[PDB]
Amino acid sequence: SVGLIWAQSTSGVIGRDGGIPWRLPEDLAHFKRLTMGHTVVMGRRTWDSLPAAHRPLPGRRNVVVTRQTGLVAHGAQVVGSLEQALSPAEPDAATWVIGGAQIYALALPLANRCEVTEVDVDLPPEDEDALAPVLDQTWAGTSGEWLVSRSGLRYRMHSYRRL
């Protein structure tokens, strides 16, 4: 079972300047809860974006997709394609694709679940932004209520599954 998990602004931004352009602690906690103990598959640019105490993501099998065969990624398994990432020698009940924009587009046709955090932050898109994938009519979802973070941002969680 392959799931995608991401956080986006309402406008569809997920990344800017090599990081994430808002602070939402409740969403980081959501991400940690859902992924702990499982495999997390990410693009190389997302691996480079992880802060020191989170690179590798503790308690999870980190898998990094790159075309650079020789890449040094201490604490992670380097593979050369998304399909490789999803064909482990040691199966996992739950595999999560955790970004970024390039990898989400490759993974979406292979996935059966998307766990999306929506962040009510006004972020008009900028030219180098990474953007969220779009879910079409093959996906159907349920939305949690709009919540307010202790830090101030409105947010809510959506759970989609392939029809």
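Think of the rigid core as the biggest set of C-alphas that the two forms share within 1.5 Å after superposition. When you see a residue number, it is the position in the sequence shown, counting from 1.
- Remark: when the other structures in 6 other deposited structures of this protein are fitted onto this one via the rigid core, 64-72 deviates more than the alternative among 64-72 and 97-105, judged by RMS CA distance.
- Compared with other deposited structures of the same protein, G80 does not meet the criterion of being unmodelled in at least one third, since all of those that resolve residues on both sides include it.
- Once the C-alpha B-factors are averaged per stretch, 5-13 and 151-159 rank with 151-159 first.
- Comparing the deposited coordinates for 89-97 and 74-82, the stretch with the larger average C-alpha B-factor is 89-97.
- When the C-alpha B factors of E115, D27, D120, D129 are read from the deposited coordinates, the top value falls at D120.
- If you compare the C-alpha temperature factors of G59, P109, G43, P133 in the entry, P109 comes out highest.
- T69: CA B factor lies in the highest third for its chain, per the PDB record.
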